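One chain follows as structure tokens, the form deposited in one PDB entry.
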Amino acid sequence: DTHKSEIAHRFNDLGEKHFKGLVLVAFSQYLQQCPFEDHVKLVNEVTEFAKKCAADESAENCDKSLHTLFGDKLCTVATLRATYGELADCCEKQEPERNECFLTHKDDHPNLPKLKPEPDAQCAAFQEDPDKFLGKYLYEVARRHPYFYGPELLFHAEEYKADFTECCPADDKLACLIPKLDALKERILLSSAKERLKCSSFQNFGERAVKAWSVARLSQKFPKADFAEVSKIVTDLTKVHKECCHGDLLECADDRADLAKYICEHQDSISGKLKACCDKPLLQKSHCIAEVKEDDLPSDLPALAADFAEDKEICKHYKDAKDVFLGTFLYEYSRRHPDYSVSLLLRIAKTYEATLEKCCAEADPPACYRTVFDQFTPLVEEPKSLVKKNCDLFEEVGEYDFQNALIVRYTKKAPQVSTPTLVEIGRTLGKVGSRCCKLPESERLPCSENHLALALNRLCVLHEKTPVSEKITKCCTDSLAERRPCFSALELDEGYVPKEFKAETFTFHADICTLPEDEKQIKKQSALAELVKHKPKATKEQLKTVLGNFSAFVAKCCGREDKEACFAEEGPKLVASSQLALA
């Protein structure tokens, strides 16, 4: 078989730490609400069985697929029906039905307590049992991010470990640690969103979309890599993420390490950016490769016209070599467009395709498609200008205000979406501005739009469980490449029924005062979303004014000796008048 004992195989390939680590992740992700130590128990159990199997691969049940095994193990959890009404059902199922059911049950918004950099308790529990602590952390993250890129989560566990290692004996324990952990969780959220997108793309669009994505993306990254090489990496990487996305984390990690190895063996024909990565220890390397910056364009990028616009037998290649020719196009076009977002590239590929599909059905395809690259211009311009308008706004207005505009913007598009989601999305989209907008300008488009894809996908993912808007559905389930334009193209449904006004929603209390700023913002942005839901027609500018008024009022009442009296005295008036200020 593919390996006598997949479990042994993986155990042997990954080694215990990573294997347990990934099993922990795998398990945490599948069974998100389970006590950490029950996951540890299961991981141990499975790891134990790994070890037995590694010792005797012909042992009873060592033959079983990883999933049967892990599904089996998960299905043994105590409170299975209790904790996971859904999952129990899954457990009656054989693989892969069972895994599929299990994945489906994966909760993308388990809304678990926020992992708070709690330096003392954490440093303590890390100093007590760094293994349990990192485990916990894998668990905490995995369960919060049921699709987090397993291997990556082990890598992040290292950073998490490295953070605590650096910061625990420091006198300045909080201020060594909180920013690291803050950054880590951000890196986590982003990585998570990245992997979520990958996984969503598999789920929702299939491997070919993931592939085309990865082609576009790895072409950008590895522009000096030949197509074959990109393709190879894409196939492998797709497999990696397919596995990971399917909770086949061991395979995923193992394949990933294979891939990293492969990439590092081939770094010279892949990218000079890999050298840094390929010098790194395993997880770092893989991480580094995953996150690798795009290589310099090779100075021998081929003119694309010749093959892709001018070549007379394009239709022929298009007909008998579609995937490849398009893949090639995508590769070629993407490697020379690190300045475009992947989805843009994919849209461009789709237009390229559509244009061949058009041109080749016509009388002189060549005269039709010779202008094929020219049809990319509008595809380019739209996101470029959206990125500009957004960076401009962002620049002008700053993250929170930008988030607010985004919250308004998305709440308008999708007012049925839960406030927290809307806030989350607009918040994340604002973090996109902050991330992307400050980048060298040619990086903002790919940045914004790539990151936008992450956040939309987040919304989409959320929308999967909690479908509230067909328009979201449509945007989420139509072309992944079009998803961002689709969302961008959303505006307010002049159908949507303003959410009934509930004063309390905008009623602030002094509790807000003790909130960290991001939570006060969230509270404001939540009210803001709510202001929008209630007054969908209210312009962002009215909303901004009103939120302004709310913020001021909050700021003021928080600064009052009697915070609550302030909120109590002044809130309702503002709540009432706010409404006047809207639609």
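Whichever C-alpha set is largest while still superposing within 1.5 Å between the two forms counts as the rigid core. The first residue of the shown sequence is 1; numbering continues from there.
When 244 to 252 is weighed against 168 to 176, 168 to 176 comes out higher, by mean CA B-factor as recorded in the entry. Judged by mean Cα B factor in the deposited record, 365 to 373 ranks above the other of 365 to 373 and 144 to 152.
Taking only the listed residues 315, 288, 406, 257, the entry reports the highest CA temperature factor at 315.
Each of 353, 128, 401, 470 has a CA temperature factor in the record; the biggest one is found at 128. Among all modelled residues in this chain, the alpha-carbon of residue 389 has a temperature factor (C-alpha) in the highest third. Residue 160: CA B factor lies in the highest third for its chain, per the PDB record. Among all modelled residues in this chain, the alpha-carbon of residue 211 has a temperature factor (C-alpha) in the lowest third. The entry lists a Cα temperature factor for residue 266 that places it in the middle third of the chain's modelled residues. Residue 59: CA B factor in the highest third of modelled residues in this chain (values from the PDB entry).
What follows is about the form deposited in another entry, which we do not show.
Annotation: the position in 482, 443, 291, 100 displaced by at least 2 Å at CA between the shown form and the other one, with the core superposed, corresponds to 100. Residue 173 shows a C-alpha shift of 2 Å or greater between the shown form and the other one [criterion: core-superposed Cα displacement of 2 Å]. Once both forms are overlaid on the rigid core, the distance between the two CA positions of residue 381 between the shown form and the other one is under 2 angstroms. Superposition on the rigid core between the shown form and the other one places the CA atom of residue 303 less than 2 Å from its counterpart.
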